[PDB]
Amino acid sequence: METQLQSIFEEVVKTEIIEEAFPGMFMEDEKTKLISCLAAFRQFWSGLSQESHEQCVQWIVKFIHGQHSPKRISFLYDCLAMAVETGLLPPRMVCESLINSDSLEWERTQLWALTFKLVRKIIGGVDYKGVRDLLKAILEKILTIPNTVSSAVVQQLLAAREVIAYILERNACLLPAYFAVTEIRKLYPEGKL
Amino acid sequence: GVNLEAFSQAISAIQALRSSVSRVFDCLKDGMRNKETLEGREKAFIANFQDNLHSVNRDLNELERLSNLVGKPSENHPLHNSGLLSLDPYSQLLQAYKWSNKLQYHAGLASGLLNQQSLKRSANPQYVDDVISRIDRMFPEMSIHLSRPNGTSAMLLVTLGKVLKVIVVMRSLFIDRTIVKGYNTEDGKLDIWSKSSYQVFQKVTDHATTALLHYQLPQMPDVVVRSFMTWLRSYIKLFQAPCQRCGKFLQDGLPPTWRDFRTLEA
Amino acid sequence: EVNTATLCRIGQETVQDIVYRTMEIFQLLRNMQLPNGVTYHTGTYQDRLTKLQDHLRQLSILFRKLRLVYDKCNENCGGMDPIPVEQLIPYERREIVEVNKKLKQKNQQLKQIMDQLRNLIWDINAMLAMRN
Amino acid sequence: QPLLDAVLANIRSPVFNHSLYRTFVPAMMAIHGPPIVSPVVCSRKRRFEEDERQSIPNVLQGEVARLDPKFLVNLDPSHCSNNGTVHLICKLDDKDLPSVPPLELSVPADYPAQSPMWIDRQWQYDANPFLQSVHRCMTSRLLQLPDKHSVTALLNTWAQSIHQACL
Amino acid sequence: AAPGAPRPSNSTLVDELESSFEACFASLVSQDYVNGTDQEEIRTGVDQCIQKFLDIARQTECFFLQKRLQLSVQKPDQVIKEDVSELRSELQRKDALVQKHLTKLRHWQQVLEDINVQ
Amino acid sequence: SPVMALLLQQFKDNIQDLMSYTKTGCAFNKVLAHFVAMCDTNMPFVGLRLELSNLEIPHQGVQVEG
């Protein structure tokens, strides 16, 4: 079921093989093959007990942060975003599954930057008033960081401030801001620096 | 008399036993220098007992035991001590023996490591051949003989264990033009040039020619023919083929590097 | 009569010969067994003794000539003493060239002569192939 | 066989590891007499001062020292000093045709990632059709590179894609 | 002064070759008693002596080659004279071989005429 | 032992003549020799890289100054 599905997806996604990588003459698939893999995955999980699909969605994250492969991580994020854009793969479920359990504060700063760029691109995620809840977890990741980390990861880690500023500024057109206040109340009890 | 090596090994073993005893009693004379989590260094104590278990290695000498129990009262040595008391200068004989053995081993190692030659080039006797052949014939299971039916060159044949006899034409040295023939031979009235084989003995002849072109030295043909004879005699078994199975091809014979292994392996 | 480059080549050949003679004296020392072993009582013994005596005398003369040629090369530092072309390695003569051309022509003639000679030798070998 | 000393060493729990001194050292110094088994003076300062403090992690330094001289790496605006540690601003100054300098921002030396990030590419690649084909080839090659590395793998793949996709 | 980084030293590479040569020979003969026991203790010394000997021989050959190149690039007339002498020697050797072959051929002609005489 | 069918479609023909014209340069040795020797000298190195990936930095392909 889910294990066999993940095995098939890994066998399909992991197309990288250095077979005789010597500088020989052994002779843009990043778009067409991506859509093909997305369609195959959608046709597979469409009839695979979609009620538990959200669980498998979290299982997807199991493969997300597996490889280091920053270009491949960006490609995977882009193709999964496109697959979400096809109406399938509800955005709230996938963002909730990807945000937690793989945060790795400063452990994968590149993966952090790509993940925050992705959630910024998918920050639409239109839903009911139960969306700002995810924001809470975001602040949690900002809480597990003293502001004395490294002079290099400043603008790199600034993606968090960027996405939160975008959320709260477009709240005039994204989501009611008083709910944002009552959500951030979980960080401060009326004044906590 | 390799038993001398066994007795030296036993001496080293008992000296190691004494050293291990001293070391373990010295370690017991010290405690935990800096552990701070657990005095696991006491386990090294048990490890020291392993070295004391090396005392059982001295028991292995009982296998090497019974090395010498004979008469021969010191092998013709006593001349002045057991003989003429006034003959005190005897030990000069033993001194000369040690000197000669030391010189022999020294020059042997020197010649062995002098393979890195440094001479760029040279720029600014049938009785001897028969004698060299007869001297080389002095090894067991290597009955050779020559007849010289045609020409002043040497016609030598070798037959070691089987009917795989080999002929090698020489020019008083560097015997080229090898021909091995398994189970017939000297047809007509002398040596022949049929060179017929089973697609494997012909390969053996190719190997022999390659070795002759390979083991050719600029001078000193004695060492050349000695290496040749050893290289040929190394074929006495033809029963094992490492680095592969026993049937990699038609047959697995090529010991060019002082060891036989599976053929087609360069 | 400078012969300086030839002198340096001779010194190189002399040190090469010194190394080869060291190898030779070691190879002749390793096979110096006990005198009264089997039969080599004094004959081959004294023979190789005189052989190594001549070896050491020749090696001493060679060391003398090596010292001499080294002193000559040292004293040869006259004019253009630094000559930095060592680290700066790149990356009349007409009469000598004409004599060389004539020598190579005579050598080609002798080469054709030797070709005819070896052709006749191969022919004789062919005849012997027909022998009984 | 002599496990008695083993169980005794097990018993040696109390902190006074000085009774064994009086127990063993008399006979030891009696039969063995090396009172100075190491009279050589031993007084060295372990840690006085040892730090680079003047450059990036030298791991990438030793790596980039091996690359071909046809790759010319420079220093970008200061945003990859210590943690990121790499701003691979390189020029392929050689006999082949030149191109746009890559970004290739790798991560801390732990290497749970690679270099290619391609920030300034958005306008540097889509403008020129040939350079767009070069970018397509480079992406297809990088995606087929299993766990590419800091300087060698990325720059090598980039150069080979740039000089293969000429056509 | 020896263990440090600087190492001022001179007066070598001339007699040092003979020094290294004679080094691993006094262990064989000296005015001292020779112990009647030895096991691989001589190899540890002879290997070092032989490698030092090879190293110093290579050093001397490199010095000679450097002087060769300096005098060649400075004055190639010596190289021209050397080539001339080599050509003279080759011609003399060829003439000697030709004379020997001619003598052998004449002897064989004589003995062949004698054999055909029957 | 069944043949592990991994074709990889690894071939340059007939664009190998282009690689030949890129350099300074009657059988077809000039191309078959390349196509065999590249793998003949690559396979040991890729195997070494595979076995060495356990320790550290198994980056492969850095030519010796070209």
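Descriptive notes on the structure:
- When residue C:29 is tested against (1) within 14 Å of chain B (Cβ to nearest Cβ); (2) among the aliphatic types (A, V, I, L, M); (3) part of a loop (DSSP other than H, G, I, E, B), just one condition goes unmet, and that condition is (3).
- Segment A:155-173: number of residues that are of a type in the set (A, V, I, L, M) and surrounded by fewer than 14 Cβ atoms within 10 Å (Cβ to Cβ): 3
- Whichever residue in segment E:25-52 is farther than 21 Å from residue B:95 by Cβ and more than 7 Å from every other protein chain (Cβ to nearest Cβ) and, among such residues, is surrounded by the most Cβ atoms within 10 Å (Cβ to Cβ): E:49
- Where residue C:13 falls short, out of the listed (1) closer than 30 Å to residue E:11 by Cβ; (2) exposed (fewer than 11 other Cβ atoms within 10 Å of the Cβ): (2)
- Filter result for residue B:158 (among the hydrophobic types (A, V, I, L, M, F, W, C), touching a helix residue (DSSP H, G or I) at 6+ places or on another chain (Cβ under 8 Å), within 22 Å of residue B:129 (Cβ to Cβ) and not in a helix (DSSP H, G or I)): yes
- Enumerated helices (runs of 4 or more DSSP H) restricted to segment B:1-82, each holding at least 3 residues that are more than 14 Å from every other protein chain (Cβ to nearest Cβ): B:3-28, B:61-64
- Scanning segment B:139-155 for residues that are assigned to a loop (DSSP other than H, G, I, E, B) and at negative phi gives B:139, B:140, B:142, B:147, B:149, B:150, B:152, B:153.
- Residue ID - surrounded by the most Cβ atoms within 10 Å (Cβ to Cβ), chosen from residues in segment D:107-155 that are of a type in the set (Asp, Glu) and over 21 Å from residue D:93 (Cβ atoms): D:147
- Criterion: touching a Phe, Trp or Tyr at 6+ places or on another chain (Cβ under 6 Å) and assigned to a loop (DSSP other than H, G, I, E, B) - qualifying residue of D:69, D:102: D:102
- The set of residues from segment F:40-66 being more than 8 Å from chain A (Cβ to nearest Cβ), farther than 17 Å from residue D:146 by Cα and either outside any helix (DSSP H, G or I) or over 15 Å from the mean Cα position of the chain (by Cα) (or both) comprises F:64, F:65, F:66.
- Inter-residue pairs, beta-carbon under 7 Å, first more than 7 Å from chain C (Cβ to nearest Cβ) and in segment E:53-70, second assigned to a helix (DSSP H, G or I) and surrounded by 13 or more Cβ atoms within 10 Å (Cβ to Cβ), 6+ apart: E:53/E:20; E:53/E:21; E:56/E:16; E:56/E:17; E:56/E:20
- Among the candidates B:123, B:107, residue that is surrounded by 11 or more Cβ atoms within 10 Å (Cβ to Cβ) and either within 10 Å of chain C (Cβ to nearest Cβ) or under 30 Å from residue C:12 (Cβ atoms) (or both): B:107
Table: residues versus (1) more than 9 Å from chain B (Cβ to nearest Cβ); (2) closer than 25 Å to residue B:40 by Cβ; (3) exposed (fewer than 11 other Cβ atoms within 10 Å of the Cβ).
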position	(1), (2), (3)
D:4	yes, yes, yes
D:11	yes, yes, yes
D:15	yes, yes, yes
D:21	no, yes, no
D:29	yes, no, no
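- Counting the residues of segment F:1-35 that are under 29 Å from residue D:147 (Cβ atoms), within 17 Å of the chain's Cα centre (by Cα), surrounded by fewer than 12 Cβ atoms within 10 Å (Cβ to Cβ) and more than 8 Å from every other protein chain (Cβ to nearest Cβ) gives 1.
- Residue among D:153, D:113, D:109, D:127 that is of a type in the set (A, V, I, L, M) and facing chain A (nearest Cβ under 8 Å): D:113
- Across segment A:150-193, the number of residues qualifying as in a loop (DSSP other than H, G, I, E, B) and basic (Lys, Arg) comes to 3.
- Residue-level analysis places residue D:131 outside the set of residues that are assigned to a helix (DSSP H, G or I) and under 18 Å from residue A:66 (Cα atoms).
- Hits in segment D:60-75 - residues which are more than 9 Å from chain F (Cβ to nearest Cβ) and not aromatic (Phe, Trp, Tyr): D:60, D:61, D:62, D:64, D:65, D:72, D:73, D:74, D:75
- Residue in segment B:228-236 that is in contact with a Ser or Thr (Cβ under 8 Å, 6 or more places away or on another chain), assigned to a helix (DSSP H, G or I) and surrounded by 12 or more Cβ atoms within 10 Å (Cβ to Cβ) present: no
- Test for residue B:96: is it in contact with a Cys (Cβ under 9 Å, 6 or more places away or on another chain), within 14 Å of chain C (Cβ to nearest Cβ) and either outside any loop (DSSP other than H, G, I, E, B) or farther than 22 Å from residue E:38 by Cβ (or both): no
- Condition met for residue D:48 (farther than 17 Å from residue B:25 by Cβ, in contact with a strand residue (DSSP E or B) (Cβ under 8 Å, 6 or more places away or on another chain) and more than 14 Å from chain A (Cβ to nearest Cβ)): no
- Residue among B:113, B:79 that is surrounded by 13 or more Cβ atoms within 10 Å (Cβ to Cβ) and farther than 30 Å from residue B:17 by Cβ: B:113
- Restricting B:165, B:203 to residues that are touching a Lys or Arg at 6+ places or on another chain (Cβ under 7 Å) and within 23 Å of residue B:254 (Cβ to Cβ) narrows the list to B:165.
- Taking segment E:2-118 and the helices (runs of 4 or more DSSP H) fully enclosed by it, the elements with 1 or more residues that are closer than 21 Å to residue C:63 by Cβ are at E:16-26, E:43-74.
- Set A:69, A:52, A:36: member being at positive phi and of a type outside the set (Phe, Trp, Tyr): A:69
A short reminder: the numbers here are calculations on the coordinates, not readings from a lab. Neighbour counts run over all protein chains shown; Cβ positions are idealised from the backbone, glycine included.
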